[PDB]
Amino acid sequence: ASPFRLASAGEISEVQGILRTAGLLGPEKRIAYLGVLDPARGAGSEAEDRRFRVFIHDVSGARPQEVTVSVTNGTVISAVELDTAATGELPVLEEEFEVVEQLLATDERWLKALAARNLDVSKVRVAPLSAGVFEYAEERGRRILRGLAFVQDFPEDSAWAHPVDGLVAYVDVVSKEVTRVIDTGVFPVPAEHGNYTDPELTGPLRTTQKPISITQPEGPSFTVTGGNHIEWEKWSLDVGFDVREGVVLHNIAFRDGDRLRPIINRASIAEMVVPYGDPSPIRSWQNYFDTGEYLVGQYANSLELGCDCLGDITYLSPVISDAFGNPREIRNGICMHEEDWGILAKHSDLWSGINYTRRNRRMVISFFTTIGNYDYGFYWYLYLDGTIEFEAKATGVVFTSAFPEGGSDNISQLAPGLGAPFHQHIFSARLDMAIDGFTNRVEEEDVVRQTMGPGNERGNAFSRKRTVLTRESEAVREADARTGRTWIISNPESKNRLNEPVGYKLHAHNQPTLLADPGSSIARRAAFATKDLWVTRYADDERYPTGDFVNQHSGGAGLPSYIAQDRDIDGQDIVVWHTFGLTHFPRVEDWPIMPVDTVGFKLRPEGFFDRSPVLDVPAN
């Protein structure tokens, strides 16, 4: 019944049939993206109309198409041919990854480069990576992938331990040509293995860990209805899933007495970029847009009970399309559970004699994705006290290179001869805000220091200031940790009992933003990552901070072009885009498999409630 329900196997099958009958899904066609569209703005939208957006690739070279179909009515709404030299290429297809290694294996320049290094071509794996846009005019309008080589000494060996430096190839994956093979010189291939399950490396496993048992003898406190609607401790929301963004949260609201109060209309990680900081021509082009180029949802893991998710776990198993339109289920791809979170509130009062302690809890909604060597966990947390938090967990195997004789300013050494280039992992959270409704505004709040003098004779006073962001051209903001900068999203038409606008405060981690030179290709294509906070006016088609077609797009798409409309955002339907990331100088302890590191952000109520919202939590 809900318009926000997960897509079902049947809906995807019907899309495939509609496309096929319309003549849009022939044998040379491939589905590069398929996803359900959210309902358009309309608080009285009753007539159910499930619409799906499809990107259709053509393996013969014909122009691709963007298609919108209505599953409810069984029709094609629109179909537009795309000029990819102008608007960007479609996301990389899983089947194109195989092509790169196979093509290079018969190229005489590639074989000659391997022969010089005495490498057996049957043992050389090729990481197929996105191309970006640089100086090669012949790549405009063409689907390119670039390949870097790694040696696998045996089928169970970790090839990442054995990078083949000084060698890179470019491949046209539709015409199946190797356009360039660049050999800048021979580097020794690092010899030590990195097999973290080999007992020779792990040593004997510990026998000292005793079990921790976490159970819920009466079951969990949350309910799931209609497949994906969650109710938990006054919270209400819908858990969506999209093959590009992954888990998406809809209709986040809090039951305050008798009123269901909206907070956030849609929350997602709308892009994530991994730029590399090694100036070697072998890797100086390397920038992953994991969401926009690869689609993080299609690489979601099946999460194992007791290993990935511990406790009383409720699973969702989302359905996506494969490249031919058949439904594919990601079994146990989303974990949901509640967790103890320590003390919520505590006071022992001398004068009243009352000793009071209450415990906190959080709702966890998580999924994990694997893109090549990297594995990322996406965690959304809901707390009893109204706090909303996102956390990304980065693990996997670091991307490697040779470590040069004489050192490097841009690579760290992990093992003899083995390097790890410096890089960042930068996320963009897209928060379609709805604080008590859609009339919202953002204020930037700085601490204000005061000088000793009249009205502050002891020099102890300090204060704060708030600046309303009234237009998009003034809504591109930078962090300032030294002045305690935060941003408040408020509803100027909804007041608390003290007659102040209700609000939520965004607390950032204030990590560095994109470090690349502002004139670089990556700074133009990932402009969102150069600033901590953007606020736009809501529009149906402004979905991603990098635009719809990120792969090989020349730059400026997305947030810089949206912001240029300079729309009114003072008491309007607005969207907050928060940039946050990790700057990774790899350490020896990251090798051969990296312990989790984390980054995120949180939102806390700021006069949203008329008093603490957790006074009715029991002691038990």
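Residues carry their position along the shown sequence, with the first being 1. So that the term is clear: the rigid core is the largest set of C-alpha atoms that superpose within 1.5 Å between two forms.
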In 7 other deposited structures of this protein, with the rigid core superposed, the stretch whose C-alphas stray more from the shown form, 557 to 565 or 44 to 52, is 44 to 52
As the entry reports it, the stretch among 176 to 184 and 508 to 516 with higher mean C-alpha B factor is 176 to 184
Looking only at C-alpha temperature factors in the entry, 165 to 173 or 73 to 81, the higher average sits in 73 to 81
When the entry's CA B-factors for 572, 583, 60, 579 are compared, the highest one belongs to 60
When the entry's CA B-factors for 396, 503, 333, 219 are compared, the highest one belongs to 219
Temperature factor at the Cα of residue 307, chain-ranked in thirds, falls in the highest
So, residue 41's CA B-factor, relative to its chain, sits in which third? The highest
On the chain's distribution of Cα B-factors, residue 427 falls within the third called lowest
Tertile call for residue 548 (CA temperature factor, within chain, third-based) is the middle
On the chain's distribution of Cα B-factors, residue 12 falls within the third called middle
